[PDB]
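**Student:** Need a 3D model of the sequence below.
(3 chains)
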Amino acid sequence: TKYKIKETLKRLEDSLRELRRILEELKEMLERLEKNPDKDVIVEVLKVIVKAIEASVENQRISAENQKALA
Amino acid sequence: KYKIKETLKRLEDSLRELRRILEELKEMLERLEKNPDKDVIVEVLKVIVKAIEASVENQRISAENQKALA
Amino acid sequence: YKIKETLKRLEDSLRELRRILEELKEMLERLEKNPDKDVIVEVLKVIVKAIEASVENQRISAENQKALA
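**Tutor:** Numbers count the residues shown, from 1 in each chain, chains lettered A, B, ... in the order given. Sure, structure below:
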């Protein structure tokens, strides 16, 4: 079960890097919203939020995988 | 350890619910792209908070289970 | 001790997350009252902090899993 745990941790690490990237983009677009809260900008922000939530669920999947292995 | 197995099963069910909400969320996302107007935006925000609430609940169950593995 | 301390960090991070969620939950009810423009923006900003809080909790959770391994 050694390969399993460490392989999932590496994927979990990559998944986390992806989350931080999307969050960076989410904070960049949030500053646009401030300068001028248009309605098309709001649309774009919503899309990235769903991407973040997608990435988040994906991370939690890998986490659950690792918890199975640990048990 | 019975609790661990039980929590994993619970953690598993929470995940399935997340994907269901995620699909729902992904549907409505291409329903404001057709009608970029107000209160359809509100419909999505409702589902986003729902997704997040489900996400936090999933993380609560997850940490609870990690306290057990220790 | 890693495990014990990481688990404590996880507890605090989770608390932080649940708190922001309570705020987000209230902001949503305010939106069911009067959808506005400033109101909507106010909800998006809270949603981002929640995601930030969630990513932070997931990072701390991963470290707790590292220790367990």
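
**Student:** Establish whether stretch A:42-50 and chain B are in contact.
**Tutor:** Yes: Stretch A:42-50 is in contact with chain B by Cβ under 8 Å from any Cβ of the partner chain, via A:42, A:43, A:46, A:47, A:49, A:50. Placement of C-beta: from N, CA and C, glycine included.

**Student:** What's the first helix or strand after the helix ranked longest in chain A?
**Tutor:** Longest helix in chain A, counting residues (DSSP state H): helix A:2-35. Using DSSP states H and E, the next helix or strand after helix A:2-35 towards the C-terminus is helix A:40-70.

**Student:** who does that following helix touch, helix- and strand-wise?
**Tutor:** Secondary-structure packing of helix A:40-70 (3 or more Cβ pairs under 8 Å, 6 or more residues apart in numbering or on different chains; DSSP states H and E): helix A:2-35, helix B:2-29, helix B:40-69, helix C:38-68.

**Student:** Check the offset of the third one from the chain's centre.
**Tutor:** Taking Cα atoms, centre = their mean, to the nearest Å, one finds the center of helix B:40-69 at 5 Å from the center of the full chain.

**Student:** if I look at residue A:52, how far off is residue A:30?
**Tutor:** Residue A:52 sits 12 Å away from residue A:30, going by Cβ to Cβ, to the nearest Å.

**Student:** what about these two, which has more around it?
**Tutor:** Shown here are residue A:52 and residue A:30; by other Cβ atoms under 10 Å in any protein chain shown, residue A:52 has more neighbours (25 against 18).

**Student:** quick one, what contacts the more buried one?
**Tutor:** For residue A:52, the contacting residues are A:19, A:22, A:23, A:26, C:51, by Cβ atoms under 8 Å, 6 or more residues apart in numbering or on different chains.

**Student:** Pick the one among the residues you listed closest to chain B.
**Tutor:** Using Cβ to the nearest Cβ, residue C:51 comes nearest to chain B of those, at 7.5 Å.

**Student:** sorry, back to before: just among the residues of stretch A:42-50 next to chain B, which is most surrounded?
**Tutor:** The most crowded member of the residues of stretch A:42-50 next to chain B, judged by other Cβ under 10 Å, is residue A:49 (25 neighbours).

**Student:** what's near enough to touch it?
**Tutor:** Per Cβ under 8 Å, 6+ apart, neighbours of residue A:49: A:26, B:48, C:44, C:47, C:48, C:51.

**Student:** Kindly report the same for residue A:16.
**Tutor:** Counting by Cβ under 8 Å, 6+ apart, residue A:16 touches A:59, C:55, C:58, C:59, C:62.

**Student:** Let me know whether the first one touches residue A:19 as I believe.
**Tutor:** Going back to what we said before, that points to residue A:59. Yes: with contacts defined as Cβ atoms under 8 Å, residue A:59 counts as touching residue A:19 at a distance of 6.1 Å.

**Student:** Now the longest helix of chain A: buried residues?
**Tutor:** Neighbour counts over helix A:2-35 (16 or more other Cβ atoms under 10 Å in any protein chain shown) mark A:5, A:8-9, A:11-12, A:15-16, A:18-19, A:22-23, A:26, A:29-30, A:33 as buried.

**Student:** Could you verify my assumption that residue A:4 touches residue A:71?
**Tutor:** No: Residue A:4 is beyond contact range of residue A:71, at 11.6 Å (criterion: Cβ under 8 Å).
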